[PDB]
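The residues making up each chain are set out below.
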Amino acid sequence: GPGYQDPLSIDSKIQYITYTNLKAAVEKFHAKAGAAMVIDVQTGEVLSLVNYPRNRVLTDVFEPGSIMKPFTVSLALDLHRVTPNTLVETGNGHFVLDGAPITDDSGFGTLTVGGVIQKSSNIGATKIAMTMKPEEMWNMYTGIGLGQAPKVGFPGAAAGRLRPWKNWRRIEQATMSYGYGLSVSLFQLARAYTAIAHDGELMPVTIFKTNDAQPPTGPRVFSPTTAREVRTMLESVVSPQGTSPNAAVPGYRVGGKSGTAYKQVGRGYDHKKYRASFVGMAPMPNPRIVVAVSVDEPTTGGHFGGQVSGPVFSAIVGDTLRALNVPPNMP
């Protein structure tokens with residue numbers, strides 16, 4: 001507990017672990033830039049906060065993409081619009097809504113709500129989203145801290161962009177259900193995922209140590225049962241049947257979600273100019289840490305292709321959990 005690093009929450013070991021892994025990744029994939037951070041789930045304390053090279057973690061905003069799907073599902077579970085076993089028809093991977101096309105990376109057919117998170121189905125997210133009102137979803141976005149600049153002592157923290165809900169066309173509700181047409185910082189996403197980690201409670205995320213006397217507390221964004229169920233689904237993502245098996249951590253149960261943001265061109269999107277982000281938590285089912293990683297405009301994918309962030313999450317999570325003397329919870 002107490003030591004010379006007090007009263008900052010940043011652990012020199014975890015910060016160093018976070019810096020070597022992120023920097024190694026940015027260099028190995030000849031990327032423009034990277035950001036990563038670790039949050040203690042029980043306290044909302046930031047254990048590490050790393051940019052390689054300026055503070056883009058707090059300043060840079062992007063379309064979160066598929067990282068938003070667990071929050072689409074979180075809300076739908078929490079409003080009793082679906083259960084984890086509810087069936088969602090995604091057919092052949094091509095669907096049309098108000099004349100706009102929505103596409104999966106393949107034809108997943110009949111998925112469960114869990115299946116939609118595991119396979120990262122845009123079509124599945126959209127159809128779950130269509131069971132809810134814009135206002136309901138905007139309130140949840142606002143409840144998890146989106147559209148609001150974090151107050152952590154850093155002037156110029158980005159607020160990101162959230163269209164007001166009374167302006168939402170049904171197709172924007174769709175795009176937002178799979179993380180397009182809103183912008184967030186990596187910091188906002190890390191904080192938002194603490195609400196899934198901490199059984200539905202949004203923890204204040206702080207660079208200062210909290211008191212055991214008056215433990216930190218936050219708004220109840222989701223029921224605890226909602227949060228455990230999304231945690232089971234995040235774990236399914238990093239199985240052989242999920243889209244992010246490259247996030248798996250030898251020795252530990254982990255769960256997380258990947259997303260991709262492409263360079264906007266006013267109305268279109270550029271080719272191979274993208275941002276690979278990953279947010280998760282470990283060990284499951286009761287996480288100690290949330291870890292968020294973002295690698296901007298990588299150019300040498302190698303064996304990982306576009307999914308370059310998952311293995312950086314993996315390395316930081318194992319090193320950090322070892323550094324915390326957390327015992328392996330997996331064979």
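Thresholds, definitions, all that
- Here every chain is numbered from 1 following its written sequence, which may not line up with the entry's numbers; residues without coordinates are dropped from view.
- Derived side-chain values reflect all non-hydrogen atoms in the structure, with water molecules and hydrogen atoms excluded from consideration.
- Interaxial angles span 0 to 180 degrees and are taken between N-to-C directions of axes, which are lines fitted to C-alpha atoms, for helices over the stretch in contact.
- Runs of E in the DSSP output that reach at least two residues are strands. Runs of H or I that reach at least four are helices, and both are numbered from the N terminus.
- Handedness of a helix crossing follows the sense of rotation of the near helix relative to the far helix, less than a right angle counterclockwise being left-handed and clockwise being right-handed.
- The contact rule is simple, with two residues in contact once any of their heavy atoms fall within 4.5 Å.
- Throughout, the ten residues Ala, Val, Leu, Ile, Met, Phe, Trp, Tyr, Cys and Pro are labelled nonpolar, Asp, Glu, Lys and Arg are labelled charged, and all others, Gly among them, are labelled polar.
- Under the scheme applied here, a residue whose accessible area is under 20% of the maximum for its type counts as buried, over 50% as exposed, and between as partly exposed, the area being computed with a 1.4 Å probe on protein chains only.
- Any two strands with at least two DSSP-identified bridges between them are counted as paired.
- Think of it this way: a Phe, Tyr or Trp ring, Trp meaning its six-membered ring, pairs with another when their centres are within 6.5 Å, and the plane angle makes it stacked under 30 degrees, edge-to-face over 60, tilted otherwise.
- Our definition puts a charge over a ring when NZ of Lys or CZ of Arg is within 6 Å of the ring centre and also within 35 degrees of the ring normal.

- As annotated in the PDB entry, the protein is Peptidoglycan D,D-transpeptidase FtsI from Burkholderia pseudomallei.
- The title given to this PDB entry is "Apo structure of TP domain from Burkholderia pseudomallei penicillin-binding protein 3".

Describing the packing of helix 6 (residues 134-143) against helix 7 (residues 170-177)
So, step 1. With their axes 11 Å apart at the nearest point, helix 6 and helix 7 run at an angle of 35 degrees to one another. Relative to helix 7, helix 6 is oriented so that their crossing is left-handed. Between helix 6 and helix 7, the contacting residues are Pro134, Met137 and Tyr141 on the first element and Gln173, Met176 and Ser177 on the second.
So, step 2. Its residues assigned to classes, the contact of helix 6 with helix 7 comprises four nonpolar, two polar and no charged.

Describing the pairing of strand 1 (residues 33-40)
So, step 1. Counting buried positions along strand 1 gives eight out of eight residues, so the element sits mostly inside the fold.
So, step 2. Every second residue of strand 1 is oriented toward a common face, with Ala33, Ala35, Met37 and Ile39 on one face and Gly34, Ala36, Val38 and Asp40 on the other, all of them buried.
So, step 3. Taken together, the six bridges between strand 1 and strand 2 (residues 46-52) define a ladder with antiparallel strand orientation. Looking at the pairing, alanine 35 lines up with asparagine 51 of strand 2.
So, step 4. Between the end of strand 1 and the start of strand 2, which pair antiparallel, lie five residues, with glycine 44 showing a positive phi angle near 70 degrees.

Concerning the sheet that holds strand 1
So, step 1. The strand order across the open sheet built from five strands is 2-1-11-10-9, with neighbouring strands paired in antiparallel fashion. A single partner strand is all that each edge strand has here, and the edge strands are strand 2 and strand 9 (255-265). Averaged over neighbouring strand pairs, the angle between their axes works out to 10 degrees when direction is ignored.
So, step 2. By the bridge criterion, 10 bridges tie strand 9 to strand 10 (residues 268-282) in an arrangement that is antiparallel.

Regarding helix 7
So, step 1. For helix 7, the buried fraction is high: seven of the eight residues fall into the buried class.
So, step 2. Considered for burial, the residues of helix 7 that qualify are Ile171, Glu172, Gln173, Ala174, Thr175, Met176 and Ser177.
So, step 3. Its buried side turned inward, helix 7 meets helix 3 (69-78), strand 5 (94-97), strand 6 (100-103), helix 5 (122-129) and helix 6.
So, step 4. Just downstream of helix 7, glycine 179 is the residue with a positive phi angle, here 85 degrees.

Thoughts on the packing of aromatic side chains
So, step 1. Considering all chains together, one arrives at 10 aromatic pairs under this definition.
So, step 2. Look at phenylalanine 71 and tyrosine 193: their rings are 5.0 Å apart centre to centre, the planes differ by 80 degrees, and that puts the pair in the edge-to-face class. With a gap of 122 residues between them, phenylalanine 71 in helix 3 and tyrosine 193 in helix 8 (residues 186-197) connect regions that are remote in the sequence.
So, step 3. Assessed through its relative accessible area of 0%, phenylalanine 71 is described here as buried.
So, step 4. Three or more aromatic residues joined by ring pairs make a cluster, and in this case those are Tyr178, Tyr180, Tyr262, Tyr269 and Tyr274.
So, step 5. In this arrangement the basic side chain of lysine 127 is found over the ring face of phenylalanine 95, its NZ or CZ atom lying 4.7 Å from the centre.

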